[PDB]
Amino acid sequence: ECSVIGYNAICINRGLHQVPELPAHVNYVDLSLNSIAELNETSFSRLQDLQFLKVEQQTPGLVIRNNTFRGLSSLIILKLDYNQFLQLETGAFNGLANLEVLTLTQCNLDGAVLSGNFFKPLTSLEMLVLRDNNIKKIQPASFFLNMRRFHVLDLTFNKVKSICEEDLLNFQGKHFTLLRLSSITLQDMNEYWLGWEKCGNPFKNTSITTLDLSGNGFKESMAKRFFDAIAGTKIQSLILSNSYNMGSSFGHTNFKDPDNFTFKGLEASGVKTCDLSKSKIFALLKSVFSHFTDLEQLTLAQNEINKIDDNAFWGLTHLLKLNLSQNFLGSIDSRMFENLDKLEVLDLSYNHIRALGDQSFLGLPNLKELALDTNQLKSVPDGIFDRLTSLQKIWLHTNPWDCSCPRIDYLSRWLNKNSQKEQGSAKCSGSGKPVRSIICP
């Protein structure tokens, strides 16, 4: 039944009720979409060289007995996703000392899968994907301390009311390259919770390259307390996109925009990249980013930003890249980008910018790339770009440029003189021909 080509046995959707006889040299087996009701020790007897095994989405109810994968010491990746009501016996992963990657997405697993001994045999485990299960409380068993190569955990879509110090005790001492806690909600961890003190620091003595906390709401008062609680945690790259509770949003003042205290807990984290896009932020308040003293990249794209207060960027001494694309900016002036002395890249595309102030880019001498495309600019002030002597690339297209002389004189000469900087080509509204081609008498 299976298609065996080279080292690969594709046994997808073949009406199998058991593991078939396969050539014993295969190193890759896909047994997805069959009706295997139960795996046990006899299932994979033949297949020693096996490195990659997928047994995804069997008919609901798959049972994996003790010692099913015993003797599969070459197995590196095991995918058991979408097995609805997966039943694992506690020694189900015996023999898997060499396994690096285990995925169990949407298998109706609860927190006992972490607190029990199911993963005790997986001493070489690197990567564990437990998305979209019924894990309500993250409580790794003590053997996790001895898993020296464990560095990726994906818990996306589990409904986790809270994560606390005592929950994550057995992750202390770990460095995670990726800890993905996205759309878990953390519903309990709000400002009216009586649990904050007892919760302590869930990431005590833990460090993280990428901490993905996207899709969790992060109301300002939650973000402040959560970052107060994990203060000191080394995080290189912070992802808080779709913090749908964070901004006040345009038109309402029920929730607060983040302010100069919101991210104080990240003072000592060493954050290099921060993603705050799609979070309904409407105003950048003074000093809101002041604790991000190592920050090099900041995206605030696709928020609702209409207002940037003076000193909104105070403290961002290392900031190289600022993305404000897809926001609601109506105009720019010099105060908006004060304190961004090292900035190299500014994306202001897809706003509603109708005017640039005389000295809009004054405090951006190192700007290399400036994106002003897709706004609503009829004109720029004379000399606007003169101080930008490190500029390499500018975007100006998809704006209704008014090519009247002399209004257009400075920009057309500027674009003509700097033609290799222009990305795309700004057009006159009306005639539709290049701004750079206009010559004013």
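Residue positions are given as counts along the sequence shown, with the first one as 1.
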*With respect to the recorded C-alpha B factors, which stretch has the higher mean value, 344-352 or 201-209?*
201-209
*Averaged over C-alpha atoms, is the B-factor higher for 400-408 or for 54-62 in this PDB entry?*
400-408
*Taking the Cα B-factors listed in the entry, which of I135, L86, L72, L320 comes out highest?*
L72
*Reading the B-factor column of the entry, which of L370, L364, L298, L125 has the highest value at its C-alpha atom?*
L364
_Among modelled residues of the same chain, the CA temperature factor third for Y28_ = middle
*Looking at the entry's B-factor column for C-alpha atoms only, identify whether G195 ranks in the lowest, middle or highest third of its chain.*
highest
*Chain third (lowest, middle, highest) by recorded CA B-factor, residue given as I384*: middle
*Ordered by C-alpha B-factor within the chain, which third holds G315? Give me lowest, middle or highest, please.*
middle
*Is the Cα B-factor recorded for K234 in the lowest, middle or highest third of its chain?*
middle
